[PDB]
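Just one chain is shown here, as structure tokens, and it is the form deposited in one PDB entry.
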């Protein structure tokens, strides 16, 4: 019941919105997981690990160069926006809206969301292997050596770029090798971030889950902490609810969400 939900919405003073790949998918962004998500011969799980980078940093960067560039043509969809405008509108009323996202495509920012927590990091940040510095970066290409590389055709030739010529740290005294500031498989989340998110979910009086499910990581870490306080939770995804069955609005976020937040 939508009207029931809006009645909550009305009251809410601290709203938290958790977002999964459903929403980045709706903007036409590859997640490279499950059927027909390949990049050349591989899937994410193969390449998004520290072992792969250690072993073959050109190839991993080729992969991430691609993902960086495909973004130039993918725009935020209506869900992205509806949220961003929501935050803005409510901000002005002294209410609060915070986004917690597992996505790394920066689409929330491009839609104009401000209080965003990127818990898997971002494609457009680099961390230095040497000095550990995190710096924004949207350069295209990120470095010359990679220009027009990362083609996804299964029979593409490896670039096999010398590690010295991949993206390096600019502090000169440093010149460390950069990696994407993304959480890979087998890595821990940043605790500073998680402590924040915790604080935010402890304060929230309404929680949305969008393009993923409360039941699965990462929603699962938290929705429990909020639900157990008795706070309403509203899913917006395309997963199915069985006949006999807090709120759940089946359908593409692009469609379901903006009416909800109006």
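Only the largest set of C-alpha atoms that superpose within 1.5 Å between the two forms is called the rigid core. Numbering follows the first chain given and starts at 1.
The following text describes the form deposited in another entry, which does not appear among the structures shown.
Open item on the list: Given a cut-off of 2 Å on Cα movement between the shown form and the other one, rigid core as reference, pick the single residue from 90, 159, 71, 129 that exceeds or meets it.
Closed with: With the rigid core superposed, the residue that stands out is 159.
Open item on the list: Superposed on the rigid core, does the Cα of residue 150 end up 2 angstroms or more away between the shown form and the other one?
Closed with: Indeed, residue 150 is displaced by 2 Å or more.
Open item on the list: After superposing the rigid core, is the C-alpha displacement of residue 240 2 Å or more between the shown form and the other one?
Closed with: After core superposition, the displacement of the residue 240 C-alpha between the shown form and the other one reaches the 2 Å mark, so yes.
Open item on the list: Does residue 195 move appreciably between the shown form and the other one, meaning a CA displacement of 2 Å or more on the superposed rigid core?
Closed with: No, the C-alpha position differs by under 2 Å between the shown form and the other one.
- [ ] Pin down for me whether the residue 120-residue 38 Cα distance shrinks or grows in the other form relative to this form (closer or farther, change of 3 Å or more).
- [x] The answer is closer, because the C-alphas of residue 120 and residue 38 approach each other in the other form by 3 Å or more.
Task: Distance trend in the other form - C-alpha atoms of residue 205 and residue 214, change of 3 Å or more - done: Relative to this form, farther apart in the other form.
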